[PDB]
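Heads up, the thing below is written out as C-alpha cells.
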Amino acid sequence: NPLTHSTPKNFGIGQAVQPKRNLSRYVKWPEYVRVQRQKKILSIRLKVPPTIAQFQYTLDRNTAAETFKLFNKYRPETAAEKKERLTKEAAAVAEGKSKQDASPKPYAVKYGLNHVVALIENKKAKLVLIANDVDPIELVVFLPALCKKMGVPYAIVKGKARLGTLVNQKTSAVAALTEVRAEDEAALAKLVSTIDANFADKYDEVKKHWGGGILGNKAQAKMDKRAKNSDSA
Amino acid sequence: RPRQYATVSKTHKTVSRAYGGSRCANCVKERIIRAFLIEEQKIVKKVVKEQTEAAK
Amino acid sequence: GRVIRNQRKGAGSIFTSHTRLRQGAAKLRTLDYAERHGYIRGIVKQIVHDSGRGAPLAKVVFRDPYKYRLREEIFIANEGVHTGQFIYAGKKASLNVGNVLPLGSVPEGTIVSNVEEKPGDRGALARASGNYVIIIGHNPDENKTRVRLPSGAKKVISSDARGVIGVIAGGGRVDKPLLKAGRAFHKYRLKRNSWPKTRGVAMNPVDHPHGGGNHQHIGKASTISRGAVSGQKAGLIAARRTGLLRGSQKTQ
Amino acid sequence: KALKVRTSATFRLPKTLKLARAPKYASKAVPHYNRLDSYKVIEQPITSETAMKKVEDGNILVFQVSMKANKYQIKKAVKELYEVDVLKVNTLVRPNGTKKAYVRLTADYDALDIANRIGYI
RNA sequence: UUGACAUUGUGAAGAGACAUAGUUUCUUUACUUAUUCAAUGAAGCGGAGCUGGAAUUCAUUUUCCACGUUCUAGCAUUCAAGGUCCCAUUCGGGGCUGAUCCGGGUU
RNA sequence: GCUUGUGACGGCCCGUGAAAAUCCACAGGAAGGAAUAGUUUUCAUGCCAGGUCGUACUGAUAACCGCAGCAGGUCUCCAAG
RNA sequence: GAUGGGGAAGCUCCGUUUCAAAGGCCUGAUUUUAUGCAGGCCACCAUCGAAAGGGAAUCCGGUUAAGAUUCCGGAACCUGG
Ligand SMILES: [Mg+2]
Ligand SMILES: [Mg+2]
Ligand SMILES: [Mg+2]
Ligand SMILES: [Mg+2]
Ligand SMILES: [Mg+2]
Ligand SMILES: [Mg+2]
Ligand SMILES: [Mg+2]
Ligand SMILES: [Mg+2]
Ligand SMILES: [Mg+2]
Ligand SMILES: [Mg+2]
Ligand SMILES: [Mg+2]
Ligand SMILES: [Mg+2]
Ligand SMILES: [Mg+2]
Ligand SMILES: [Mg+2]
Ligand SMILES: [Mg+2]
Ligand SMILES: [Mg+2]
Ligand SMILES: [Mg+2]
Ligand SMILES: [Mg+2]
Ligand SMILES: [Mg+2]
Ligand SMILES: [Mg+2]
Ligand SMILES: [Mg+2]
Ligand SMILES: [Mg+2]
Ligand SMILES: [Mg+2]
Ligand SMILES: [Mg+2]
Ligand SMILES: [Mg+2]
Ligand SMILES: [Mg+2]
Ligand SMILES: [Mg+2]
Ligand SMILES: [Mg+2]
Ligand SMILES: [Mg+2]
Ligand SMILES: [Mg+2]
Ligand SMILES: [Mg+2]
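Chains as they are written, first to last, in full-length UniProt numbering: chain F, 24 to 256; chain A, 58 to 113; chain Z, 2 to 253; chain U, 22 to 142.
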C-alpha cells in the first residue's frame, strides 16, 4: 500500500531463475549411505526364505514395554554393587562363619549368546528374548527353532541395544529369564502367554511362508494401474 | 597494456554515460530503445490476451 | 616379420588427432527440465570455423535456469542459421530451421541433423558438412521414430531423441578437386597423420602382406575375411562383392 | 519430526573438530642454538688490493660471508659486530664457493677508519 | 568364433514324465534387484490433487487432454516483492504464504 | 634510396592461422555515510621496504662436438661508399 | 605425473576429475579472549613442464688490468606495507 509493491515472480520455463527448493530427494549421498539403503532394498526385492523373515515379525511395542517393565526388575549387579557385596560377604563370611552365604541368591536376567543357548537346551529358560537386528543373522536364526523344540517360549524383540541397555552392555544379541522371585511369577505367565500366541504358536505357519518380492512404488504404481485398466476396461 | 591499467586513474578507463568503458554508445542507444520498446510491447501482449480470455 | 602400418595406429603415438586449434566439442544442450517439458530460448552469438572440420560451428548461449549466469553451448551450424537468431530447444517448440526438437514431435518428412542415438547423448548422427536424417514414420506406442541416415541405413530410435531442424552448413565441399598434393597436405595436417599412403605393394614383405615379388602384385586374393587376425586384415576386409559398381545404387 | 532440508544437491565433507597437538613427550629435548649468529654470518675481511681500494675510495667494506647468509643477515651482522650504519649490501658468489659482501656505509662512517679499527691493513 | 557349465534371480502362456493330480525340464515374453551402458556441480521423477476445457451425459461424471516464456542481437542474481503471523518494538531477525499434497527410486 | 617499425587496405585457404597466469571496466546496489560538521586514498604530495640463484670469457679454420689448436659439423641480432 | 580408486604373483600397470564424504576466502561474532562459531558465498579438485611463447617496473654519462642496463653520479619507474 505504501511505496511498497507487489511484483509476483514467474518461475515458468525460460524466465526468473528457479528459487531454492528442497532437493533432499536428489542429493548425491556418500557411498556408505548409498550402500546401506540399497542393501535394505535388495533385501526386500528378493524372495526371502521362511527361516529368515520369521523375523520382521517383531513383538509389538506394548507387549514389549511390559517385557522391559518386568526385565528391568532383574538387572545384573552394577560396578559398585558387586564390590559392595564382596566386602559385605568378605567380612561376614571370613569371620561370622557364613557358609559362603552372607549374600542372598541373586536373581537377574541371563544373557550372552552361548550362555542362553545351553540354558534353552537344558530346559532352564522360562522366556527368551531375541533381537531382530543381529547382522550375522546366523548367530540367532536357529533360536526360534530351538526354543520351539524345547518348549521354551521365545519372542523376537526390536532392539539389540535395547536388550543391551537392560544388561549394561552397549548391545546384546539375546536376553532370557530362568529365575523369578515369586512376586513376579504371575506377571510372567501373563507375558509368556501373549508372547507364545504371537510367536511360538505361529511358528509352524510362519515356517511355510516366504517373504519379500516387494516392488518399489515406481514399479508398483506401474503395476496397480496396468492391471487396473487391462482388466476393468 | 593490461597490467598498466592499474597505474592510471579511473577517468582513463571509462566515459561518463552508462556502460562507460564497456559498450560503444551506439549499442547503448540500441539496448535502450530495444529495452523500452520490448517493455512497451510486453504490456500490449498482456491486455490483448486478457481480452482473448474474456471473449473466445 | 614386421608390425604392419594399420597395426601401429592403435597405439596412438603419432596417429592421435591434431587437436590444438579445435573450437571444442559440438553438443546439443544437456536434456534438462526445460527441454523435455517446454522449450528454452538462446541466441547464436557467433558461427565459426572449427579447424579440421568440414562444417562451421554455432556458438549458442542460453540462460541457466537454476543459477543467474549465461551458459554457452557449441552447436553445429545448420545451413541458414545466422548471428543473432533465436534458437528454441524443447518438446513444445516451433518447427523452424535451427531449433532442436524431440524426434517424436516433428511430422514425417522433417529434415534434421546432429540427432541423438539414444535420448540425451547430445548428438550422434548426421554431423558432417552436408548431411542430415529424414524421419520416415512413427510408432506412438513405444514412441519410436523411424529415420533414414546419410548412409541410407534406416535406424529406429526413441521419439525423445533430439535433432536440430535443417541440414548442416558447408555442403558441396567435396565437389572441388584438391587439385594438388599440398591441398591434401594442409587438409590432413589439421586432422591426423594419415597422409600420404605408401602402398603395401611397394614395401618388402616384412612390412605388409602385399610386399615383395619381382613384379608389383598382390599375389593372393585381396579380400580378407572378418575372422582374419591382426596383421592379416589389409585390402578389402570382409568384402561381400567387388569390382566396378555398375547399375543404379540407392537401397530399395 | 521430519527430515533435514538440503537446498543443495552436493554432499560435502562435514566440518569436523580439528584438534591441536598436546604432545606427551618433547620434540628434541633441547632447542638448537642460533644456527647463524653474527660471528658466523661474516667470516673474514677481504683484503685484496682491489678490495682495499673500495675501502679507501668508495667507503665500502668487503667481507667473506657465509653462503647461508642473505642480504639482510649481512646488514644486521655488520651493525652488531662493528657499530656502523649500512647503506646497502651487494653480494656475489666468488668462483670458489664463498660469498663476497660489498657493504657500503652511510656518509657518517668512514670505512677506511673502521677498517684499521678492526685491524686489517 | 561356436557350445556347455558357473555368475542366474521372479512371473505367465506353450511343450515335456511317475503312466489326463504338479515336483521338474526346455521353447516363446514379461518382471527388476544381480549384471551392463549413458547423463548430471545426482533439479524438478513417479503417483495424486487443483483449477480450465474438448468431450455426451443414459444419473452424476464413465473419461481423455492440457494445467505461466516466440515480431526485436535489451533486462532476469542478494533465502523475493507482496500478504500474513511472531520478537516485545530499534536498528535488526524469524515462520508461514508466494511456489498443492504424497513416496526419499538422481534420471 | 637502404634497414627496420607501423598503419589503412587488398590476395589466399576442404589450411581461416595457441593456452594460462595476470590487469582493468561495466552491469548490479549490499551496505556505510554530513551541519555544527562527515564520507572520501582510482587527484597531489609525503614514509618504509624489495630477498634467493646466474652475471668472467670463448661461441669457433684454437676456448663446443668431431681421439687433436682436425679444410668437417654446430641456433641467431646489428650491417657504410 | 601424485591422489580415492581399478589391474597385476610382483617390480609395478591404468585412470587425472577419473563411480571419492576431496577444499578456503571474506568478515561478522569477541570486550572472560583468543579465535570458538553466527551468515553467505566457491565446488575451482594436485603438481611438474618455455633462460626463443605469455610477463610489474631504468635510463643516460662516468668508471676497471679484468665487472657493469648490476659499481659511481644524476635523473626515474614498479610492487608491497
Ligand atoms: Mg612382429
Ligand atoms: Mg588426444
Ligand atoms: Mg606423414
Ligand atoms: Mg599411394
Ligand atoms: Mg592407397
Ligand atoms: Mg621396394
Ligand atoms: Mg608376411
Ligand atoms: Mg596372405
Ligand atoms: Mg607381393
Ligand atoms: Mg601393379
Ligand atoms: Mg646478484
Ligand atoms: Mg546361449
Ligand atoms: Mg540427474
Ligand atoms: Mg629480418
Ligand atoms: Mg582472419
Ligand atoms: Mg580494459
Ligand atoms: Mg594513489
Ligand atoms: Mg616471502
Ligand atoms: Mg659479459
Ligand atoms: Mg678464438
Ligand atoms: Mg675445425
Ligand atoms: Mg600414474
Ligand atoms: Mg611451473
Ligand atoms: Mg619465460
Ligand atoms: Mg618469454
Ligand atoms: Mg657506460
Ligand atoms: Mg672494478
Ligand atoms: Mg667485457
Ligand atoms: Mg645508481
Ligand atoms: Mg636520488
Ligand atoms: Mg604504493
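Don't be surprised by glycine CBs; every beta carbon is placed ideally from N, CA and C.
Closer than 9 Å at the beta carbon, the chain U residues around residue i
{"i": "residue 44 of chain F", "result": "28"}
Enclosing beta strand (DSSP E) for residue i [first to last residue]
{"i": "residue 114 of chain Z", "result": "112-114"}
{"i": "residue 77 of chain Z", "result": "71-77"}
{"i": "residue 151 of chain F", "result": "150-154"}
{"i": "residue 120 of chain U", "result": "119-126"}
{"i": "residue 139 of chain Z", "result": "134-140"}
{"i": "residue 226 of chain F", "result": "Segment 226-229 is the alpha helix (DSSP H) holding residue 226 of chain F; no beta strand (DSSP E) there."}
{"i": "residue 72 of chain F", "result": "Per DSSP, residue 72 of chain F belongs to no beta strand (DSSP E) and is neither H nor E."}
{"i": "residue 66 of chain U", "result": "63-66"}
{"i": "residue 74 of chain A", "result": "Where residue 74 of chain A is concerned, there is no enclosing beta strand (DSSP E), given that its DSSP letter is neither H nor E."}
Inter-residue CB distance, residue i and residue j (contact presumed, cutoff 8 Å)
{"i": "residue 254 of chain Z", "j": "residue 61 of chain Z", "result": "Chain Z is shown only over 2 to 253; residue 254 of chain Z falls outside these bounds and no answer can be derived."}
{"i": "residue 50 of chain F", "j": "residue 23 of chain U", "result": "Actually they do not touch by this definition, with Cβ atoms about 16 Å apart."}
{"i": "residue 82 of chain Z", "j": "residue 98 of chain Z", "result": "7 Å"}
{"i": "residue 207 of chain Z", "j": "residue 219 of chain Z", "result": "Not a contact, Cβ separation roughly 17 Å."}
{"i": "residue 192 of chain Z", "j": "residue 179 of chain Z", "result": "The pair is not a contact, with the Cβ atoms about 13 Å apart (cut-off 8 Å)."}
{"i": "residue 149 of chain Z", "j": "residue 135 of chain Z", "result": "5 Å"}
{"i": "residue 95 of chain U", "j": "residue 51 of chain U", "result": "No, residue 95 of chain U and residue 51 of chain U are not in contact; Cβ-Cβ is about 28 Å, not under 8 Å."}
{"i": "residue 147 of chain F", "j": "residue 126 of chain F", "result": "Between residue 126 of chain F and residue 147 of chain F the Cβ distance is about 22 Å, and since that is not below 8 Å, they are no contact."}
{"i": "residue 63 of chain Z", "j": "residue 41 of chain Z", "result": "6 Å"}
{"i": "residue 255 of chain Z", "j": "residue 239 of chain Z", "result": "Shown here, chain Z extends from 2 to 253; a query on residue 255 of chain Z therefore has no answer."}
{"i": "residue 74 of chain Z", "j": "residue 23 of chain Z", "result": "With 8 Å as the limit, residue 74 of chain Z and residue 23 of chain Z do not qualify as a contact, their Cβ atoms being about 15 Å apart."}
{"i": "residue 105 of chain Z", "j": "residue 144 of chain Z", "result": "5 Å"}
Endpoints, the alpha helix (DSSP H) within which residue i is located
{"i": "residue 104 of chain A", "result": "83-111"}
{"i": "residue 94 of chain F", "result": "84-95"}
{"i": "residue 159 of chain Z", "result": "No alpha helix (DSSP H) holds residue 159 of chain Z; the beta strand (DSSP E) holding it covers 157-159."}
{"i": "residue 185 of chain Z", "result": "182-190"}
{"i": "residue 136 of chain F", "result": "136-144"}
{"i": "residue 94 of chain U", "result": "92-103"}
{"i": "residue 46 of chain F", "result": "From DSSP, residue 46 of chain F is part of no alpha helix (DSSP H); its letter is neither H nor E."}
Cross-chain neighbours of residue i in chain F, by beta carbon under 9 Å
{"i": "residue 39 of chain Z", "result": "35, 36, 37"}
Within chain F, the residues that residue i reaches when beta carbons sit closer than 7 Å
{"i": "residue 68 of chain Z", "result": "40"}
When you check each C-beta in the segment 25-50 of chain U against every C-beta of chain F, which residues fall closer than 7 Å?
From the segment 25-50 of chain U, only 25, 26, 27, 28, 29, 30, 31, 32 have a Cβ closer than 7 Å to chain F.
Short of 9 Å Cβ to Cβ, which residues in the segment 37-66 of chain F face chain U?
Only those residues of the segment 37-66 of chain F whose C-beta falls short of 9 Å from the nearest C-beta of chain U are listed: 43, 44, 45, 46, 47, 49, 50, 51, 52, 53, 56.
Quick one: any contact between the segment 124-135 of chain U and the segment 97-107 of chain U, if contact means 3 or more CB pairs under 8 Å?
At 8 Å Cβ cutoff, the stretches touch.
Could you check whether the segment 197-211 of chain F touches the segment 135-150 of chain F, counting it as contact only if at least three pairs of C-beta atoms, one from each stretch, sit closer than 8 Å?
Judged by Cβ distances under 8 Å, the segment 197-211 of chain F makes contact with the segment 135-150 of chain F, as three or more pairs qualify.
When you compare the segment 154-161 of chain Z with the segment 70-89 of chain Z, are there three or more beta-carbon pairs, one atom per stretch, that lie closer than 8 Å?
With contact defined as three or more Cβ pairs closer than 8 Å, the segment 154-161 of chain Z and the segment 70-89 of chain Z are not in contact.
Chain-ordered residues of the segment 25-50 of chain Z with a beta carbon less than 8 Å from chain F:
Answer in chain order: 34, 35, 38, 39, 40, 41, 42.
Would you check if the segment 173-183 of chain F and the segment 72-91 of chain F touch, i.e. whether three or more CB-CB distances between them fall below 8 Å?
Contact between the segment 72-91 of chain F and the segment 173-183 of chain F is present: three or more C-beta pairs spanning the two stretches fall below 8 Å.
If we count Cβ pairs, one from each stretch, closer than 8 Å, do we get three or more for the segment 2-15 of chain Z versus the segment 226-237 of chain Z?
Contact between the segment 2-15 of chain Z and the segment 226-237 of chain Z is present, because at least three Cβ pairs lie under 8 Å.
Count Cβ pairs between the segment 201-210 of chain F and the segment 247-256 of chain F that sit closer than 8 Å; are there 3 or more?
Taking a cut-off of 8 Å for Cβ pairs, the segment 201-210 of chain F and the segment 247-256 of chain F do not touch, as fewer than three such pairs fall below it.
Would you check if the segment 108-125 of chain U and the segment 89-100 of chain U touch, i.e. whether three or more CB-CB distances between them fall below 8 Å?
Touching, yes, given that three or more Cβ pairs across the two stretches are closer than 8 Å.
Between the segment 188-195 of chain F and the segment 31-40 of chain F, do three or more beta carbon pairs fall short of 8 Å?
No, the segment 188-195 of chain F is not in contact with the segment 31-40 of chain F.
Examine the Cβ distances between the segment 52-70 of chain F and the segment 162-173 of chain F and report whether three or more of them are shorter than 8 Å.
Touching, no.
Any chance the segment 48-57 of chain Z sits against the segment 123-143 of chain Z, with 3 or more Cβ pairs inside 8 Å?
Segments in contact, yes.
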